[PDB]
């Protein structure tokens, strides 16, 4: 019953569905092979991610997916976001086809690449050199800021910006994920813990958590938390603090400590991002420039 949009429509028979990547309120995601995503090379294979509805989805579920699809159409393409590739709306189930990042999300990317602990026996000339270096960590932060700046310019507020919502390509390019999700901000279970132990309330700006107010400056707060995640190499924010305690600590103006092996320049940016007044936090344009200066000084 959905209208045809020839600009984005992709023949569903050119998809070969593969391994499920995840399922939830937002639909289910399946890895797939696509043939001829580039119309110039009709028989060329590529690996993509496909969002679709679940089993006994309701009419609301379909509306939510159609909405996310249209939002992704509207926002357009950028290097540092997960981009819309095509859609399947005709003669069959609704598919939304997007880019698939090979290396997973940034949190797991970092946690899997923490430096060798002294418990490992030295072997060869690089025994203490881990996969992650400071300039690459800074580059990760810079790329996310660039993506958010783009999303900002298209009037998009993410509302959950976190390392888990940043994906990493085969070339270590950062791509912001799920930026067009309806997130039900008027019915958030602040005590909710995910299957992997995440407490999403720990990324919310105070004005969002306490006043249900979101601006781009709310995302800047979240970016500050994400900065902290990066330079703890995928650590969980507010260590050992449960949600009830988080509430009172935030009301008292509590902020996270400077992490180990983190230069003052970057903790400085974190603390700026967590300034109480939204207007006293940097803009994403300012964050891009600030991080670019560090990047150029160390590259």
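Positions refer to the first chain, counted from 1.
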Revision key, fill the gap. Looking only at C-alpha temperature factors in the entry, 227-235 or 59-67, the higher average sits in 59-67
Exercise for review: Take the C-alpha B-factors listed in the entry for 74-82 and for 124-132, compute each mean, and give the stretch with the larger one.
Suggested key: 124-132
Study note, to complete from the structure: Scanning 253, 268, 39, 242 for peak Cα temperature factor in the entry gives 39
Review point. Reading the B-factor column of the entry, which of 206, 117, 147, 104 has the highest value at its C-alpha atom?
Key: 117
Review point. Sorting the chain's CA B-factors, does residue 19 end up in the lowest, middle or highest third?
Key: highest
Point to revise | Relative C-alpha B-factor of residue 25, binned into the chain's lowest, middle or highest third | key: highest
Practice item. Quick one: classify residue 155 as lowest, middle or highest third of the chain based on its Cα B-factor. Key: highest
Revision key, fill the gap. On the chain's distribution of Cα B-factors, residue 111 falls within the third called middle
Point to revise | residue 249 CA temperature factor, ranked by third within the chain | key: middle
